[PDB]
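In structure tokens, the next block holds one chain alone, the form deposited in one PDB entry.
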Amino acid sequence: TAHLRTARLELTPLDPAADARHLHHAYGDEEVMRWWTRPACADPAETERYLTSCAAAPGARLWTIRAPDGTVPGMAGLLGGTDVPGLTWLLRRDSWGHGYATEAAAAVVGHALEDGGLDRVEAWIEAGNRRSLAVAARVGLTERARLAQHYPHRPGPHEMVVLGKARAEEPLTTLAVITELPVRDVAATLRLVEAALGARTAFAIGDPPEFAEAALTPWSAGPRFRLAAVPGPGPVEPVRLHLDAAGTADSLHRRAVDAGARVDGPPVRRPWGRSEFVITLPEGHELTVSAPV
């Protein structure tokens, strides 16, 4: 690995041993760890243990930010084991507002989209993380999507903004996938999902409705699916839909069971870190509802 040199910064490959004590001023800070995936580390020891772990991750490429006067404001770099290239940075309070994150982040992205021969980079910032959302924007990242997430050291889940930047954007891209479901009684299915999944009839044609759309959110666009009346008595071949939801599985589960829908049983925490339960329509279709917790 090489070193990143910026206007007034010197980004050098992370050295858990050498960098532990310096970077502990960030990792050890509760004010800084406030938005992180885990609680501030108890000691430079723990920070060493942690930093090592982060650096080990397949794909990881982390640098330690070296200020002009030696000082180490913090680190930046690409995350380990992510699929789609993830960014990450962090600074100690004492360096906030110096445009470091922006300068270091800028270096990492720039390097990644060139010498690192990558296609694009992504940054996951929590909804209220004002300071970090600013850096992202300043760096060239633009909101791509959003996702829920739960940090074990936290009371409840939270919002995550997927902000990214590409080498060259894809003119041809897909905006949504509205899968269809052939149901017996459209009007009846609509009422069920309205209740069980808090959906709302985006539109419907026919009297009674022969075809409709169920928006799973109150907005013009977003998660949703259509319905098609089955012209017959012959049982329908089930369709398996997976719904990424926000909130706690319980709250979702509860809503669904309270809705009088057919629930397979309490929510189960799968190995890929997601609690889920399935809702089965009378036609046989299966909808599994997954939440961070």
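Residues carry their position along the shown sequence, with the first being 1. Only the largest set of C-alpha atoms that superpose within 1.5 Å between the two forms is called the rigid core.
Once the C-alpha B-factors are averaged per stretch, 101-109 and 202-210 rank with 202-210 first. Comparing the deposited coordinates for 118-126 and 153-161, the stretch with the larger average C-alpha B-factor is 153-161. Comparing the listed residues 44, 39, 265, 232, the entry records the largest Cα B-factor for 232. Residues shown: 246, 259, 239, 56. Highest C-alpha temperature factor in the entry: 259. Residue-level temperature factors show residue 60 in the lowest third of its chain, judged at the C-alpha atom. Sort the chain's modelled residues by C-alpha temperature factor and residue 289 lands in the lowest third, per the entry.
When the modelled residues of the chain are ordered by their C-alpha B factor, residue 32 lands in the middle third.
Residue-level temperature factors show residue 220 in the lowest third of its chain, judged at the C-alpha atom. Sorting the modelled residues of the chain by their CA temperature factor places residue 228 in the highest third.
A second form of this protein, the form deposited in another entry, is not displayed here; the remarks below concern that form.
Only one candidate in 245, 51, 41, 32 has its Cα displaced by 2 Å or more between this form and the one not shown after core superposition: 245.
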